[PDB]
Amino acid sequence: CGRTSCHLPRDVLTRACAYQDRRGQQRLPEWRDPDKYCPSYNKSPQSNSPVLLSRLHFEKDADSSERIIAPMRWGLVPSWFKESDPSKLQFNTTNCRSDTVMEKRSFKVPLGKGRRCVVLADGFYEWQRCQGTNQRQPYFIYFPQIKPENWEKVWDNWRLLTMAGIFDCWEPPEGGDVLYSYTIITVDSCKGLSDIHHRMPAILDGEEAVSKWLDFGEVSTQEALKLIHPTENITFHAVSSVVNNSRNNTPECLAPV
């Protein structure tokens, strides 16, 4: 999973991230760096997407079940990385295989420090490789949804896709803001998706999964990794090739055909 849609206006996104802390207080997650939120139908690696993380990553003594929402760089840049510019990274951290995560230098260390985040999207795109043709068929893939008038109604009630991520913090040698960057954990595609692609993102389905993944305060790596697996609770439709070029940011990207 190397492309998402995350196009909602910031306040609509934030309201769609309404949740309950461990005490059952209804809350909206508190923003950091909201100016870096860049809505688009076509989010590629190296772009910023909003992710949820525990408040306790940002505030001493916080309730770890409280949530921050913050734009992060898609493509995990490890703390130790030595060059001036993130883009010089010579290995792909767009994704992080679940099967090998504990053996991977770039992911184990930040995972170990509790740096679990939830990557938000409308949904993700996958390109289907079909036998004996180089033509790839793009699909938009998303949580099942409630079953220009309809458009506004749909998107107000949209259930955002919640993907399990890991993030790391990098101080540019040259100097600047700390870079927060993320990888989306991958697992085997479910039966529903297996004729489209062998890989899918690790989807956290519902508030229990999202909560336990976020809460590095109360939930160990070993307990968190149990949430990482495929889900059949997923739907999709084929979309035009408009999505293919990551410069194309329009509704046509995720329109059915």
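For the two forms, the rigid core is made up of the largest set of C-alpha atoms that agree within 1.5 Å on superposition. Numbers follow the displayed sequence, beginning with 1.
Asker: Rigid core superposed, root mean square over structures and residues, which stretch has C-alphas farther from this form in 4 other deposited structures of this protein, 79 to 87 or 173 to 181?
Answerer: Between 79 to 87 and 173 to 181, the one lying farther away in 4 other deposited structures of this protein is 173 to 181.
Asker: If we scan the other compared entries, does residue 150 go without coordinates in at least a third?
Answerer: Missing in at least a third of the others, so yes.
Asker: Does the deposited sequence hold unmodelled residues between residue 147 and residue 148, and if so, how many: none, 1 to 3, 4 to 9, or 10 or more?
Answerer: The entry has a long gap there, with 10 or more residues left out between residue 147 and residue 148.
Asker: Would 5 to 13 or 244 to 252 have the larger average of its C-alpha temperature factors, as given in the entry?
Answerer: If you average the C-alpha B-factors of 5 to 13 and of 244 to 252, the larger mean comes out for 244 to 252.
Asker: Going by the mean C-alpha B-factor recorded in the entry, which is higher: 115 to 123 or 98 to 106?
Answerer: Of 98 to 106 and 115 to 123, the stretch with the higher C-alpha B-factor average is 98 to 106.
Asker: Between 167, 143, 140, 81, let me know which has the highest C-alpha B-factor in the entry?
Answerer: The record points to 81.
Asker: For the C-alpha B-factor as written in the entry, point me to the maximum among 161, 187, 76, 154.
Answerer: Top of the list by C-alpha B-factor: 154.
Asker: Thinking about Cα B factors across the chain, which third does residue 179 belong to?
Answerer: For residue 179, the deposited C-alpha B-factor lands in the middle third.
Asker: C-alpha B factor of residue 34, ranked within the chain: lowest, middle or highest third?
Answerer: For residue 34, the deposited C-alpha B-factor lands in the lowest third.
Asker: Taking only the Cα B-factors deposited for this chain, tell me whether residue 217 sits in the lowest, middle or highest third.
Answerer: For residue 217, whose C-alpha B-factor we compare with every modelled residue in the chain, the answer is the highest third.
Asker: Should residue 61 be placed in the lowest, middle or highest third of its chain by the C-alpha B factor in the entry?
Answerer: Ranked within chain, residue 61 CA B lands in the highest tercile.
Asker: Test of reading the entry: by CA B factor among the chain's modelled residues, which third contains residue 204?
Answerer: Bottom third by C-alpha B-factor.
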